[PDB]
There are 6 protein chains.
Amino acid sequence: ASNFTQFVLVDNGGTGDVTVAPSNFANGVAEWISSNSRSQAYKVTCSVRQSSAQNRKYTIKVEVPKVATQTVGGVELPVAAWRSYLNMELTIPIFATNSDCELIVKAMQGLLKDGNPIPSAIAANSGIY
Amino acid sequence: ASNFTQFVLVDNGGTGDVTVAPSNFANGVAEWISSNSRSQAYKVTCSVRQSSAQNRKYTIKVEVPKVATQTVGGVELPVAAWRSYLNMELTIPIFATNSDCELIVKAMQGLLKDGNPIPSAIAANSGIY
Amino acid sequence: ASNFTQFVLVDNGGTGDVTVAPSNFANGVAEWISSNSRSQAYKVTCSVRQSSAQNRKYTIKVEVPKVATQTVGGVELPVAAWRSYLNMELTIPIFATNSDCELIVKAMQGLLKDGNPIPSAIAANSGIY
Amino acid sequence: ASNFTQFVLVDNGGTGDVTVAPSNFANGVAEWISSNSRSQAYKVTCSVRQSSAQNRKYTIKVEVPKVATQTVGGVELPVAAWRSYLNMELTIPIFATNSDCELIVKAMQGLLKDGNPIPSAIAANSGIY
Amino acid sequence: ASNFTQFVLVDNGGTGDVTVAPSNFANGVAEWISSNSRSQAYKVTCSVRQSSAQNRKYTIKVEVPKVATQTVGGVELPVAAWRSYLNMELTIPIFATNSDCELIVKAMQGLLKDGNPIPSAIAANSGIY
Amino acid sequence: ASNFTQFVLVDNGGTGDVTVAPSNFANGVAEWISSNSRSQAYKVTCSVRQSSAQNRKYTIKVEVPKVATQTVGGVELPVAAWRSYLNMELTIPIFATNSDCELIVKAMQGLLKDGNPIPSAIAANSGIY
RNA sequence: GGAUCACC
RNA sequence: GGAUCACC
RNA sequence: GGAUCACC
RNA sequence: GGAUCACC
């Protein structure tokens with residue numbers, strides 16, 4: 001194995017899927033960027049550290065760009081009009097079994113499943129009510 | 001709509017699924033917890049607010065219990081040995097349309113989809129290699 | 001080659017052997033862990049660097065769990081009562097050829113071979129007498 | 001018994017084996033040197049101490065010399081062109097059974113077995129990748 | 001997936017090829033060293049950093065040794081009589097798409113292609129004329 | 001005889017090839033520029049000097065432009081939206097025979113050969129991982 | 001807390 | 001700029 | 001961390 | 001070290 005592989009970040013149903021691929025592991029921060037100019041690329045980073053004697057902490061960041069073409073000095077440059085940033089930190093005790101861990105993964109997957117409260121709020125520029 | 005409803009957090013395939021239900025709404029912060037003692041419950045909370053003039057930020061927090069060797073209803077100390085804490089912060093610029101937001105949700109669903117690098121590392125008590 | 005692969009750490013003769021597999025590579029430090037919670041796992045890490053102008057140094061670290069009376073997946077405290085820590089540092093002058101290095105490995109295999117003074121003392125909770 | 005016996009440090013297959021024999025136990029540091037001039041001898045030292053109220057710590061050092069004959073002042077002297085130093089410290093809790101200890105020994109033996117990642121890297125002047 | 005693997009630095013037909021293998025990835029500086037004595041080995045290092053707001057900057061270094069034996073007072077050591085040091089810094093704006101980077105790469109390969117002015121001047125201890 | 005001639009810097013099959021032609025050899029600095037507007041042209045410079053008593057030092061520089069049109073107030077000019085700058089310095093002791101220099105050259109060609117770590121990282125807007 | 005996001 | 005080459 | 005390796 | 005790249 002090697003879990004450092006590419007994957008589809010945005011599954012747009014076979015066409016216009018956004019796949020992100022490995023691009024750097026300097027300083028122990030695993031990085032993946034979409035196949036774009038670095039100014040318009042999607043980026044995902046992940047790093048794990050023993051945040052304490054008894055915890056391990058994963059730090060995952062995702063940047064979703066809104067691409068544009070800005071005219072600077074009379075010249076057109078590929079640019080990102082804005083960026084949406086996701087920052088997540090997961091602290092897991094060292095006493096967690098592989099099954100305990102799989103439980104955390106499933107909880108995170110269910111949280112964002114289509115139709116559930118949270119992804120429905122975000123997608124509608126609303127809050128939970 | 002009205003999205004503060006009960007949902008399935010851990011899908012164990014119809015049998016032994018973990019449902020989380022509304023439990024508090026003080027301060028506009030929606031809270032959902034599982035049917036357990038608060039020390040052993042699955043807890044999810046979510047709130048939105050405008051972090052700055054240019055952004056809106058969602059703060060989602062999840063607590064997952066260490067289930068292996070757990071004594072249901074018992075007093076388990078130290079608390080930090082028996083719980084995992086997830087903390088997500090999603091920053092979205094005020095220009096993001098509903099469409100932009102749906103894509104942001106897709107990017108999040110993709111990152112955690114089964115079989116991708118990140119969920120596989122977490123689930124296997126691993127980092128990236 | 002490509003040597004960051006899974007291997008058998010504890011050979012219990014084909015049955016109940018302990019295999020340790022790649023789990024992290026942040027900072028060029030290869031890590032291998034067994035299939036357990038991180039508190040009960042067998043862990044091995046290895047890195048090389050040039051310690052000085054004249055030497056290269058390998059830093060190998062191993063953690064072995066106290067298995068007698070262990071509760072698989074349980075929370076066992078204090079951590080220091082349930083784990084043994086091995087720490088090896090191998091310093092090799094830049095003049096050592098591959099041949100010189102093979103002999104150095106043989107010297108290490110010899111020291112720990114079954115039946116010699118050192119492994120026998122360790123295994124019997126003894127010193128030298 | 002008396003585990004303070006001689007042993008073959010480098011098994012060169014019956015011919016040119018490097019056997020190391022007991023040579024000193026002053027100050028509680030057990031020593032073994034190869035049958036050479038003290039300037040060209042292989043040396044192994046071992047000492048155990050109750051590093052703490054609840055630990056015991058073994059300190060093992062091995063020196064592998066690269067022998068030469070240096071001409072000092074117009075005279076030839078048996079000398080070591082350089083030395084490779086191995087330093088290992090093993091900390092074992094006092095709660096470790098003899099079987100727990102045997103497990104540590106096997107882990108150390110498997111680590112260095114021919115063909116496994118670590119001894120393969122060292123022997124090839126390479127790192128783990 | 002990884003690009004931190006071994007590769008043929010010098011292709012001398014299929015035999016007498018110089019293969020450089022990964023050795024250390026400390027502080028975002030990837031290092032590859034050829035086998036045998038570290039003293040006579042080839043070395044390649046590479047690192048990338050964001051040199052400024054719009055630029056990323058690669059720093060590649062290569063050392064080619066002149067393999068020789070040093071005899072001093074009758075003790076001979078494997079040394080490098082001397083070394084050539086190559087230091088290249090490639091600056092690339094963040095507006096470069098992957099297509100642009102492939103072009104930057106073909107330009108570098110062309111500069112050094114056999115028969116072109118530059119590699120011919122170097123191979124002949126000459127300058128431009 | 002001269003090595004100050006034109007050459008294909010970028011080989012795009014046999015068409016869309018970038019040819020750089022001699023332009024100026026002032027002060028021991030050879031310069032080659034591609035055709036058309038000097039503003040959108042490629043540039044290669046090379047010079048050799050005796051950096052020290054035992055060394056000679058080559059300084060090669062290459063600029064790859066991003067061809068674009070600048071419109072300002074209705075007046076459009078042929079410009080380069082931006083440029084990548086390559087700066088390489090090759091140091092070679094005066095003891096190097098022609099054979100040694102040919103080896104230094106094959107090492108440079110190999111570093112950048114297609115598929116090897118370095119040219120692959122660059123062509124993909126990536127680092128080492 | 002916050003960001004322009006491995007940063008303050 | 002120079003190096004003994006991730007230093008100066 | 002480091003060594004010339006029971007040392008700093 | 002940085003560059004707008006034989007400059008700083």
# chains A, B, ... in the order shown; residues from 1 in each chain; ligands from 1
call {"tool": "residues_around", "arguments": {"residues": "stretch 3-6 of chain I", "least_positions_apart": "6", "cutoff": "9 Å", "atoms": "only C-alpha atoms (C1' of nucleotides)", "output": "list in words"}}
result
residues 29, 45, 61, 63, 85 and 87 of chain D
call {"tool": "write_last_selection", "arguments": {"atoms": "N, CA, C and O atoms", "output": "mmCIF file, in the first residue's frame"}}
result
data_model
loop_
_atom_site.group_PDB
_atom_site.id
_atom_site.type_symbol
_atom_site.label_atom_id
_atom_site.label_comp_id
_atom_site.auth_asym_id
_atom_site.auth_seq_id
_atom_site.Cartn_x
_atom_site.Cartn_y
_atom_site.Cartn_z
ATOM 1 N N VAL D 29 29.852 -2.941 34.533
ATOM 2 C CA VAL D 29 29.670 -2.840 33.099
ATOM 3 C C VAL D 29 30.338 -4.107 32.572
ATOM 4 O O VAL D 29 31.555 -4.255 32.701
ATOM 5 N N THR D 45 29.739 -3.981 25.352
ATOM 6 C CA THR D 45 29.551 -3.713 26.781
ATOM 7 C C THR D 45 28.032 -3.773 27.114
ATOM 8 O O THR D 45 27.237 -3.475 26.252
ATOM 9 N N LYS D 61 26.440 -1.417 24.082
ATOM 10 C CA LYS D 61 27.254 -0.721 23.086
ATOM 11 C C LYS D 61 28.129 -1.737 22.368
ATOM 12 O O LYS D 61 28.613 -2.666 22.976
ATOM 13 N N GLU D 63 31.274 -1.854 19.271
ATOM 14 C CA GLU D 63 32.205 -1.074 18.453
ATOM 15 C C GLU D 63 32.778 -2.032 17.439
ATOM 16 O O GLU D 63 33.339 -3.041 17.807
ATOM 17 N N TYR D 85 29.971 2.661 15.774
ATOM 18 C CA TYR D 85 29.423 2.512 17.116
ATOM 19 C C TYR D 85 27.922 2.248 17.157
ATOM 20 O O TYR D 85 27.173 2.993 16.549
ATOM 21 N N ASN D 87 24.731 1.969 19.735
ATOM 22 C CA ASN D 87 24.333 2.272 21.097
ATOM 23 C C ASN D 87 22.866 1.981 21.282
ATOM 24 O O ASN D 87 22.042 2.598 20.625
#
call {"tool": "residues_around", "arguments": {"residues": "residue B:3", "least_positions_apart": "2", "cutoff": "10 Å", "atoms": "only C-alpha atoms (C1' of nucleotides)", "output": "list in words"}}
result
residues 115, 116, 117, 118, 120, 121, 126, 127, 128 and 129 of chain A; 1, 5 and 6 of chain B
call {"tool": "write_last_selection", "arguments": {"atoms": "N, CA and C atoms", "output": "short mmCIF file (atom, residue, chain, number, x, y, z; two decimals), in the first residue's frame"}}
result
data_model
loop_
_atom_site.label_atom_id
_atom_site.label_comp_id
_atom_site.auth_asym_id
_atom_site.auth_seq_id
_atom_site.Cartn_x
_atom_site.Cartn_y
_atom_site.Cartn_z
N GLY A 115 -29.09 15.10 2.23
CA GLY A 115 -30.36 15.00 2.90
C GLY A 115 -30.31 15.24 4.39
N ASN A 116 -29.16 15.03 5.03
CA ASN A 116 -29.10 15.25 6.46
C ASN A 116 -29.07 16.75 6.76
N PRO A 117 -29.51 17.15 7.96
CA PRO A 117 -29.55 18.57 8.34
C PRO A 117 -28.37 19.46 7.94
N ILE A 118 -27.17 19.11 8.35
CA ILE A 118 -25.99 19.92 8.05
C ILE A 118 -25.69 20.17 6.57
N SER A 120 -27.61 20.10 4.21
CA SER A 120 -28.78 20.78 3.65
C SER A 120 -28.79 22.25 3.97
N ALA A 121 -28.25 22.59 5.13
CA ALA A 121 -28.20 23.97 5.55
C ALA A 121 -27.15 24.69 4.73
N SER A 126 -28.33 28.72 4.62
CA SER A 126 -29.24 28.75 5.75
C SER A 126 -28.57 28.22 7.03
N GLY A 127 -29.30 28.30 8.13
CA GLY A 127 -28.80 27.80 9.40
C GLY A 127 -29.70 26.63 9.78
N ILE A 128 -29.48 26.01 10.94
CA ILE A 128 -30.35 24.92 11.34
C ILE A 128 -31.46 25.55 12.15
N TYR A 129 -32.68 25.21 11.78
CA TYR A 129 -33.85 25.71 12.45
C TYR A 129 -34.96 24.68 12.23
N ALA B 1 -37.54 25.40 4.74
CA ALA B 1 -37.74 23.99 5.22
C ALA B 1 -38.02 23.99 6.75
N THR B 5 -33.86 18.16 12.49
CA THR B 5 -34.49 16.88 12.72
C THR B 5 -33.48 15.80 13.01
N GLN B 6 -34.01 14.68 13.46
CA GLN B 6 -33.24 13.51 13.79
C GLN B 6 -32.63 12.93 12.52
#
call {"tool": "residues_around", "arguments": {"residues": "stretch 67-82 of chain E", "least_positions_apart": "6", "cutoff": "9 Å", "atoms": "only C-alpha atoms (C1' of nucleotides)", "output": "list in words"}}
result
residues 94, 95, 96 and 97 of chain C; 68, 69, 70, 71, 72, 76 and 81 of chain D; 37, 38, 39, 40 and 41 of chain E; 93 and 95 of chain F
call {"tool": "atom_distance", "arguments": {"atom1": "atom CA of residue D:34", "atom2": "atom CA of residue D:22"}}
result
9.0 Å
call {"tool": "select_by_dssp", "arguments": {"residues": "stretch 27-126 of chain B", "states": "strand (DSSP E)", "output": "MDAnalysis selection string"}}
result
chainID B and resid 30:33 43:49 55:65 83:93
call {"tool": "interface_residues", "arguments": {"of": "chain A", "to": "chain C", "cutoff": "12 Å", "atoms": "only C-alpha atoms", "output": "MDAnalysis selection string"}}
result
chainID A and resid 1:4 24:31 46:50 53:56 92:102
call {"tool": "select_by_dssp", "arguments": {"residues": "chain E", "states": "helix (DSSP H, G or I)", "output": "list in words"}}
result
residues 38, 39, 40, 98, 99, 100, 101, 102, 103, 104, 105, 106, 107, 108, 109, 110, 111, 117, 118, 119, 120, 121, 122 and 123 of chain E
call {"tool": "decode", "arguments": {"residues": "chain I", "atoms": "N, CA and C atoms (P, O5', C5', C4', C3', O3' and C1' of nucleotides)", "output": "PDB file, in the first residue's frame"}}
result
ATOM      1  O5'   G I   1      18.170  14.941  17.750  1.00  0.00           O
ATOM      2  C5'   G I   1      19.495  14.547  18.117  1.00  0.00           C
ATOM      3  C4'   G I   1      20.459  15.709  18.085  1.00  0.00           C
ATOM      4  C3'   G I   1      21.887  15.267  17.861  1.00  0.00           C
ATOM      5  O3'   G I   1      22.146  15.051  16.503  1.00  0.00           O
ATOM      6  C1'   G I   1      21.836  16.633  19.773  1.00  0.00           C
ATOM      7  P     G I   2      22.899  13.709  16.079  1.00  0.00           P
ATOM      8  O5'   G I   2      24.391  14.020  16.476  1.00  0.00           O
ATOM      9  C5'   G I   2      24.908  15.320  16.235  1.00  0.00           C
ATOM     10  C4'   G I   2      26.155  15.530  17.009  1.00  0.00           C
ATOM     11  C3'   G I   2      27.073  14.324  17.121  1.00  0.00           C
ATOM     12  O3'   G I   2      27.834  14.041  15.963  1.00  0.00           O
ATOM     13  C1'   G I   2      26.892  15.381  19.239  1.00  0.00           C
ATOM     14  P     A I   3      28.249  12.518  15.635  1.00  0.00           P
ATOM     15  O5'   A I   3      29.492  12.225  16.584  1.00  0.00           O
ATOM     16  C5'   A I   3      30.607  13.136  16.562  1.00  0.00           C
ATOM     17  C4'   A I   3      31.602  12.823  17.658  1.00  0.00           C
ATOM     18  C3'   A I   3      32.169  11.405  17.711  1.00  0.00           C
ATOM     19  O3'   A I   3      33.277  11.348  16.810  1.00  0.00           O
ATOM     20  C1'   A I   3      31.546  12.143  19.909  1.00  0.00           C
ATOM     21  P     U I   4      33.738   9.954  16.165  1.00  0.00           P
ATOM     22  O5'   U I   4      34.556   9.242  17.328  1.00  0.00           O
ATOM     23  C5'   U I   4      35.582   8.279  17.024  1.00  0.00           C
ATOM     24  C4'   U I   4      36.606   8.311  18.117  1.00  0.00           C
ATOM     25  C3'   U I   4      36.001   8.246  19.521  1.00  0.00           C
ATOM     26  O3'   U I   4      36.955   7.579  20.361  1.00  0.00           O
ATOM     27  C1'   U I   4      37.143  10.280  19.269  1.00  0.00           C
ATOM     28  P     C I   5      36.533   6.270  21.169  1.00  0.00           P
ATOM     29  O5'   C I   5      35.118   6.668  21.772  1.00  0.00           O
ATOM     30  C5'   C I   5      35.042   7.267  23.076  1.00  0.00           C
ATOM     31  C4'   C I   5      33.805   6.781  23.765  1.00  0.00           C
ATOM     32  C3'   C I   5      33.648   5.265  23.666  1.00  0.00           C
ATOM     33  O3'   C I   5      32.989   4.784  24.847  1.00  0.00           O
ATOM     34  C1'   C I   5      31.935   6.378  22.397  1.00  0.00           C
ATOM     35  P     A I   6      33.860   4.360  26.163  1.00  0.00           P
ATOM     36  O5'   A I   6      32.815   4.545  27.357  1.00  0.00           O
ATOM     37  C5'   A I   6      32.133   5.792  27.590  1.00  0.00           C
ATOM     38  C4'   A I   6      31.554   5.785  28.986  1.00  0.00           C
ATOM     39  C3'   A I   6      32.545   5.247  30.005  1.00  0.00           C
ATOM     40  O3'   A I   6      32.320   5.857  31.250  1.00  0.00           O
ATOM     41  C1'   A I   6      30.680   3.809  29.929  1.00  0.00           C
ATOM     42  P     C I   7      33.452   6.814  31.892  1.00  0.00           P
ATOM     43  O5'   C I   7      33.600   8.023  30.836  1.00  0.00           O
ATOM     44  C5'   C I   7      32.431   8.777  30.442  1.00  0.00           C
ATOM     45  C4'   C I   7      32.777   9.867  29.452  1.00  0.00           C
ATOM     46  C3'   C I   7      31.966  11.151  29.565  1.00  0.00           C
ATOM     47  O3'   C I   7      32.441  12.021  30.577  1.00  0.00           O
ATOM     48  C1'   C I   7      32.057  10.528  27.277  1.00  0.00           C
ATOM     49  P     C I   8      31.652  13.417  30.860  1.00  0.00           P
ATOM     50  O5'   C I   8      31.703  14.201  29.469  1.00  0.00           O
ATOM     51  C5'   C I   8      32.679  15.233  29.237  1.00  0.00           C
ATOM     52  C4'   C I   8      32.037  16.335  28.450  1.00  0.00           C
ATOM     53  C3'   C I   8      30.747  16.852  29.089  1.00  0.00           C
ATOM     54  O3'   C I   8      30.804  17.509  30.359  1.00  0.00           O
ATOM     55  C1'   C I   8      30.357  16.455  26.776  1.00  0.00           C
TER      56        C I   8
END
